[PDB]
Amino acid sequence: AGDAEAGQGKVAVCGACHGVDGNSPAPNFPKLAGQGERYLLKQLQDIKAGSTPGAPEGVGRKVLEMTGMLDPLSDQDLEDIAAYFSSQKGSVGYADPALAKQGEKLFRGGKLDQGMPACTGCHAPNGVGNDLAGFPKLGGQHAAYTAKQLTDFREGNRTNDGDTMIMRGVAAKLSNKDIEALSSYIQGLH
């Protein structure tokens, strides 16, 4: 576990994009407030591993807006940082009724005919995720960010989901409209 108190002093450079409490400004910048600590810590290592200046291809998660930013932080530092954001309360967004209806259907039922499972098993009914298992909280996240992740998983641009490649196999059955409907519904999910 991490020391949130210590962690809040190690986040200066983060605030411009993620906000001081992790409740991001720009839609393309993922909110980190109230996200699970295990998931956060995991993304911090994947990001540090993949976004390091001379990083090898396909290792970790490459985030170019964060190149070499986590390199001087130790793993304990990352723990305090994850404990810091994780303890922040998340803001909720708005789900457009126009899209929410198809998003909810896809979220709760998946696409049985495609053999695509619903999202509720791993991300919980209200999108709060499963911290102990490391399944990310999804509710209230910026739609543009969620849409991008879903697209990335599908195009194989994000690969830090393991050997089971849980999200790449799920996302592979999603259409652009699906993703748009899902990302919008999840943004108002709370």
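Quick note: we count residues from 1 along the sequence shown, nothing fancier.
The mean C-alpha temperature factor is higher for 57 to 65 when 32 to 40 and 57 to 65 are set side by side. Between the stretches 138 to 146 and 121 to 129, it is 121 to 129 that shows the larger average CA temperature factor. Within the selection 82, 106, 116, 95, the deposited Cα B-factor values reach their highest point at 95. In the PDB entry, a CA B factor belonging to the middle third of its chain's modelled residues is recorded for residue 23.
Among all modelled residues in its chain, residue 179 ranks in the lowest third by Cα B-factor. In the PDB entry, a CA B factor belonging to the middle third of its chain's modelled residues is recorded for residue 157. Looking at the C-alpha B-factors along this chain, the one for residue 1 belongs to the highest third.
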